[PDB]
Amino acid sequence: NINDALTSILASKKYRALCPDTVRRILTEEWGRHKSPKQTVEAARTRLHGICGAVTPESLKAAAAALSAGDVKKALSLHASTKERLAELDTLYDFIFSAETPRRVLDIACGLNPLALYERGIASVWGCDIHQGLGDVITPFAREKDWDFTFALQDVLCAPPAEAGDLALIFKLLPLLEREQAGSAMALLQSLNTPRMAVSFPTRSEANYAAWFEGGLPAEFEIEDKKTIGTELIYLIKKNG
Ligand SMILES: Nc1ncnc2c1ncn2[C@@H]1O[C@H](CSCC[C@H](N)C(=O)O)[C@@H](O)[C@H]1O
């Protein structure tokens with residue numbers, strides 16, 4: 001059954017750090033394609049491969065090493081998403097925090113971005129992602145710095161973020177979610193317990209993310225700002241209600 005397959009996949013070195021719900025989610029969808037378990041499992045592994053960033057145990061090790069040496073910039077360069085943001089990092093957050101600087105930030109599908117929030121003096125951060133390796137990198141650092149950061153191994157398509165905050169960051173995530181499950185992107189934004197959010201899209205290929213987002217954003221949200229900074233198209237939105 002699905003549970004047996006989940007147990008076998010989580011025992012492998014390649015996927016042992018993946019969120020169990022993620023493995024089950026993919027397994028369940030593949031099982032719906034009725035197949036000899038052989039086939040099902042193999043189709044699931046093929047999908048799990050590129051579910052976190054196509055992100056290795058080696059990259060995470062290096063990240064923690066650089067972090068343990070106080071080299072935050074180097075750690076950020078060890079994760080593809082934060083590395084490509086390095087050049088305009090401060091320009092980006094000056095934009096997001098221009099109006100108000102949040103006391104508590106929720107980083108949805110955080111990757112290693114929380115490290116950038118630390119250097120920005122953000123007091124409280126809660127981040128969630130599907131690879132424990134990410135939390136294994138940030139958590140020990142936060143502890144040393146006596147920084148209030150918490151990591152949750154959580155698949156947002158299985159359980160929405162339950163935490164409350166002043167601002168939520170949803171960087172380079174909606175495209176992936178929407179492709180995994182239609183309508184899940186806007187559903188996620190509605191589930192966030194924050195009055196404001198910052199959403200970003202990659203500029204490389206919803207062929208047109210701007211048209212998709214502006215035309216599909218639920219009525220309870222209002223777009224207050226839209227700007228392209230570096231490799232990202234960012235939207236500052238307000239959730240009313
Ligand atoms: N269903 C899901 N739930 C939670 N996180 C997910 C997810 N599917 C993919 N992710 C995570 O989404 C991230 C996309 S890369 C963007 C990382 C970070 N927001 C940044 O901008 O630097 C990856 O870290 C991936 O592991």
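Hydrogens, waters and symmetry mates play no part in the numbers below; they use all other heavy atoms, side chains included. Starting from 1, each residue takes its place in the sequence as its number.
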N208: partners by side chain to side chain contact (heavy atoms under 4.5 Å, CB included), with sequence neighbours left out: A210, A211
Minimal non-hydrogen separation, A44 against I9, with atom names: CB-CD1, 4.5 Å
For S68, all residues meeting side chain to side chain contact (heavy atoms under 4.5 Å, CB included), sequence neighbours excluded: none
Nearest heavy atoms of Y209 and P175, plus distance in Å: OH-CB, 3.6 Å
Cluster overlap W126 with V105, hydrophobic side-chain contacts below 4.5 Å: no
Result of checking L169, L188, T194, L189 against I108 for side chain to side chain contact (heavy atoms under 4.5 Å, CB included): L188
Atom of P102, atom of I122 and distance for their closest heavy-atom approach: O-CD1, 3.9 Å
Same apolar cluster (I L V M F W Y, side chains within < 4.5 Å links), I234/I237: no
Close side-chain approach of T203 to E232, heavy-atom, < 4.5 Å: no
Test item: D21 and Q154 side chains (from C-beta on) under 4.5 Å apart, heavy atoms: no
Criterion salt bridge (charged side-chain N to carboxylate O under 4.0 Å, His left out) on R47 and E30, from CA distance to verdict: CA-CA 10 Å; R47 276 185 63 178; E30 290 304 313; 3.4 Å; yes
Within one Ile-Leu-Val-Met-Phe-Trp-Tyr cluster: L167 and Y118, side-chain cutoff 4.5 Å: yes
Charged N-O contact under 4.0 Å between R25 and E180: yes
Spatial distance of atom CG (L217) from atom OH (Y235) [nearest 0.5 Å]: 9.5 Å
Heavy-atom neighbours of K74 NZ exceed 12 at 6.0 Å: no
Which residues share a side chain to side chain contact (heavy atoms under 4.5 Å, CB included) with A5, sequence neighbours left out: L27, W31, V41
CA sep, side-chain torsions, deciding dist, call: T150, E163, side-chain contact (heavy atoms from CB on, under 4.5 Å): CA-CA 11 Å; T150 299; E163 301 301 318; over 6 Å; no
Derivation of the side-chain contact (heavy atoms from CB on, under 4.5 Å) call for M186 and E178: CA-CA 9 Å; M186 295 307 180; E178 190 63 23; 5.8 Å; no
Backbone N/O of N1 and side chain of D4: donor-acceptor pair under 3.5 Å: yes
Shared hydrophobic cluster, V72 / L89 (ILVMFWY, side-chain heavy atoms < 4.5 Å): yes
Side-chain (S200) to main-chain (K172) donor-acceptor, under 3.5 angstrom: yes
Single-linkage hydrophobic cluster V55~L48, side-chain heavy atoms < 4.5 angstrom: no
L60 CG to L112 CG distance, which is reported to the nearest 0.5 Å: 7.0 Å
Side-chain touch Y15/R45, heavy atoms, less than 4.5 angstrom: yes
Name the atoms and distances for all side-chain donor-acceptor pairs under 3.5 Å in residues 220-228, with sequence neighbours left out.
{"unit_1": "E220", "atom_1": "OE2", "unit_2": "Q190", "atom_2": "NE2", "d": "3.0"}
{"unit_1": "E222", "atom_1": "OE1", "unit_2": "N240", "atom_2": "ND2", "d": "2.9"}
{"unit_1": "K226", "atom_1": "NZ", "unit_2": "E214", "atom_2": "OE2", "d": "2.8"}

Pairwise distance NE2(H131) to OG1(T22) - rounded to 0.5 angstrom: 11.0 Å
Side-chain heavy atoms of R196 within contact of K239, under 4.5 Å: no
Straight-line distance of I26 CD1 to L157 CG, nearest 0.5 Å: 9.5 Å
Pairwise side-chain contact, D107 with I170, heavy-atom cut-off 4.5 Å (strictly under): no
Student check: side-chain heavy atoms of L78 and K83 closer than 4.5 Å: no
Distance in Å, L153 CG paired with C128 SG, rounded so as to fall on 0.5 Å steps: 9.5 Å
Identify each donor-acceptor pair in which a side-chain atom of residues 132-145 lies under 3.5 Å from a protein atom, sequence neighbours left out, and give them as a table.
{"unit_1": "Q132", "atom_1": "NE2", "unit_2": "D136", "atom_2": "OD1", "d": "2.8"}
{"unit_1": "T139", "atom_1": "OG1", "unit_2": "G135", "atom_2": "O", "d": "3.0"}
{"unit_1": "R143", "atom_1": "NH1", "unit_2": "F149", "atom_2": "O", "d": "3.4"}
{"unit_1": "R143", "atom_1": "NH2", "unit_2": "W147", "atom_2": "O", "d": "2.8"}

Test item: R120 side-chain N/O and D90 main-chain N/O as donor-acceptor pair under 3.5 Å: yes
Of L18, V23, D155, the residue whose pairing with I51 passes side chain to side chain contact (heavy atoms under 4.5 Å, CB included): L18
Approximate separation, where rounding is to 0.5 Å, of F171 CZ and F201 CZ: 11.5 Å
Side chain to side chain, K73 and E119, heavy atoms closer than 4.5 Å: yes
Pair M197-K238, side-chain contact (heavy atoms from CB on, under 4.5 Å): steps then yes or no: CA-CA 6 Å; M197 289 151 260; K238 188 176 185 295; over 6 Å; no
Under 3.5 Å side-chain donor-acceptor pair for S124 and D148: yes
Within-4.5 Å side-chain heavy-atom neighbours: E88 and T231: no
Results of ring-ring contact (aromatic ring centres under 6.0 Å, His included) for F97 - residues two or more places apart only: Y93
